[PDB]
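One chain comes next, on its own, written out as structure tokens in the form deposited in one PDB entry.
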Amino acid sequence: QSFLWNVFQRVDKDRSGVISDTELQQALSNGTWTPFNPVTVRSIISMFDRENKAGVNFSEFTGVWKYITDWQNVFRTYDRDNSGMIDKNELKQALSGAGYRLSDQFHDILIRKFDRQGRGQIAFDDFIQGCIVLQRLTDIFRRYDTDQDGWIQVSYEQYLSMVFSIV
């Protein structure tokens, strides 16, 4: 699509043909007038950078745009008060949606862990990072939960291996 090319051209400010980490950061809003989470940008870029330039070309940027737009849909679906910030109540709705069974008190930990703003509400950039991290911890857990009952038994050495495979 040619519309994607206009976005690419606007984001690719040095006109190198490759959008770097700083450039994608500048083209993204988190609705709080602070710079979009550098770690989130780092995650998104390395997720679509097939070569290793620390950036994306147009061919890969189409995947990046797909990815970011998908998150905007999901964020807004679970943004019911339309506050532009997912609250404790809504974060539960989001996770409960995807089949997570977690105690109310544990959502306090998730919010304190991902919210770079103090407000106890999660912005779009932090929300993406949060879910990416959560997905990875679930995938790892499932390797060790061989009977699918939400419990694992691990030795000290198996535990270290588990923690190190997070990267």
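In case it trips you up, residue 1 is the first one in the sequence shown, and so on.
Novice: Determine, for stretches 152-160 and 10-18, which one has the higher mean CA B-factor as deposited.
Specialist: The deposited B-factors put 10-18 ahead on the C-alpha mean.
Novice: Comparing 98-106 with 136-144, where is the mean C-alpha B-factor higher?
Specialist: Higher mean C-alpha B-factor: 98-106.
Novice: Taking the values exactly as deposited, rank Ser46 by C-alpha B-factor within its chain and report the matching third: lowest, middle or highest.
Specialist: Within its chain, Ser46 is a middle-third residue by C-alpha B-factor, going by the deposited values.
Novice: When the modelled residues of the chain are sorted by Cα temperature factor, does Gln129 land in the lowest, middle or highest third?
Specialist: Its C-alpha B-factor, which the entry lists for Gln129, ranks in the lowest third among residues of this chain.
Novice: Using the temperature factors of the C-alpha atoms in this entry, rank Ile111 within its chain: lowest, middle or highest third.
Specialist: Answer is middle: the recorded C-alpha B-factor places it there.
Novice: Within this chain's modelled residues, let me know which third the CA B factor of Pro35 belongs to: lowest, middle or highest.
Specialist: For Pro35, whose C-alpha B-factor we compare with every modelled residue in the chain, the answer is the lowest third.
Keep in mind that the form deposited with a partner chain bound is missing from the display, and what follows is about it.
Novice: Check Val18 for me: does it contact the partner chain in the bound PDB entry (non-hydrogen atoms, 4.5 angstroms)?
Specialist: It does not: once the partner chain is placed as it appears in the bound PDB entry, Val18 has no heavy atom within 4.5 Å of it.
Novice: Should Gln72 be counted as a contact of the partner chain in the bound PDB entry, where contact means heavy atoms within 4.5 Å?
Specialist: Yes, contact at 4.5 Å.
Novice: Can you tell me whether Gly31 touches the partner chain? I mean in the bound PDB entry, with a 4.5 angstroms heavy atom cut-off.
Specialist: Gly31: yes, in contact with the partner chain in the bound PDB entry.
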